[PDB]
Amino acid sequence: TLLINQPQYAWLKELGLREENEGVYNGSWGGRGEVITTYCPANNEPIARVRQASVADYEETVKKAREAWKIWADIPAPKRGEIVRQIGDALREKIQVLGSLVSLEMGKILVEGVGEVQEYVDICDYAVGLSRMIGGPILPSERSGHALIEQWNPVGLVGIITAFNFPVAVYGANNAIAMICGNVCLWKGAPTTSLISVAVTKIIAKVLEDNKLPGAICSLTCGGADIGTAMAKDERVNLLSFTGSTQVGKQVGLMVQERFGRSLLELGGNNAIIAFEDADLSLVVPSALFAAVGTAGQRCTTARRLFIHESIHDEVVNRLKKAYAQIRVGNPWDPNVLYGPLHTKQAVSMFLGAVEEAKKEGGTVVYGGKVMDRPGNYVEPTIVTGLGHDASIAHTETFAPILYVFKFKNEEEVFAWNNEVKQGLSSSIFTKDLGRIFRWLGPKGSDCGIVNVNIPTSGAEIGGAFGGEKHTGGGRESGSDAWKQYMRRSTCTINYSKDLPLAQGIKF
């Protein structure tokens, strides 16, 4: 009955999962909330069960995490990095089976499930180096006998709320950075990826316990919106990193602002690719396909708007069509598959509604647009032509593989059309024009947090800060100085003299 109780899936026990799993970890495993069953999206069969957090579970866990912080903040940052390095090795030891679980419970293809674990592994290695580097400048005081220094210290407890579509890597990016910065973490993942959240936490818990560290340093409280909301309102959650829908994210942002907390918001995108007349069409067509259909269109960075110069529009559309027809559909863990199911049946319903609404707004389905007749949550990847750039359905983010195609003529209007949506995550132009590229990157260019040239909207690397502007929420994760969001800055002046000169020469 349960897939975990079948021999074809026995590899699941290599992650320590069983028929019913505790979904609270705070140094002890438990869970007194409702028992959830998660299902495989490729065939709608139940996998295994997870005991979620009650409100009392949440309360005790927050309290144990903050107690653990007293020990953890006293550990020198490079020694904290050593813990994160060992997390990276423990992920390496299980990268194949953990990525297989991502494919089974979430539904993305195996190379992407494994790639998502690799992302976590890479940010661990990055964080280990950062743990010898984080800090601020010593600055020259205008005052004799005074030192001026910028200090950075952990904020305390970092709550981390993640979404279904990257159930490993977003948590990992938040976790590795927050840890070397001296914070403790509390994780609430998507309820429909509870087994993944448990498996990752099992890997981390062993590293902590092997090092005789309190496990609440990386706490887990599986649950739904009630846990998410409690975290948003909890003054003891010093920083709340939220990855999820723009609609829920706005309310998270407001609840955290109400209590003068700190939030890091990673919200939706409505990302555009723009192909100018001089673009390399050998580069445009596969870039569009990967960015539109990768992860069955379920990335925040998924290419949802394709603008093509009038001269090459019909040619690119025809070529994209013949390439969609060759997409290989099947079970996401089957090794010769490019395209798996959507994550939920609700997502199929939303996809179907968006398609029919695109038809009612005057669009033409030139490829796809049908729910597939097969077990699971499969839909056809879809191309829609003929809508105006400001069509209501086009300015809506639908987490589904629907690509809206538009004509354009001049650079100035199409830069404006890129920027006219409420979201601001990723953006790509394809062109060879040197001038046009630097204008794209400049103040009158793209307004997004990711601004790419001759590569698609998705698949960034960990060395840079990841996030967006406008309704994408403003937060950054991973690289550059994103670590600063997980710490508090102090500006510190130390008088080591016997005099008291005042700034600006004030003679009191």
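We number the residues from 1 along the sequence you see.
- As listed in the deposited structure, the average C-alpha B-factor of 453-461 and of 24-32 is greater for 453-461.
- The mean Cα B-factor in the deposited entry runs higher for 301-309 than for the other of 301-309 and 146-154.
- Note on 210, 412, 266, 258: the highest value goes to 412, judged by CA B factor as recorded.
- The residue among 138, 429, 114, 196 whose C-alpha carries the highest B-factor in the deposited model is 114.
- The PDB entry assigns residue 41 a C-alpha temperature factor belonging to the highest third of its chain's modelled residues.
- Per the deposited record, the Cα B-factor of residue 126 falls in the lowest third when ranked against the other modelled residues of its chain.
- In the PDB entry, residue 496 places in the middle third of its chain by CA B-factor.
- Remark: residue 56 belongs to the middle third of its chain, ranked by C-alpha B-factor as recorded.
- Per the deposited record, the Cα B-factor of residue 487 falls in the lowest third when ranked against the other modelled residues of its chain.
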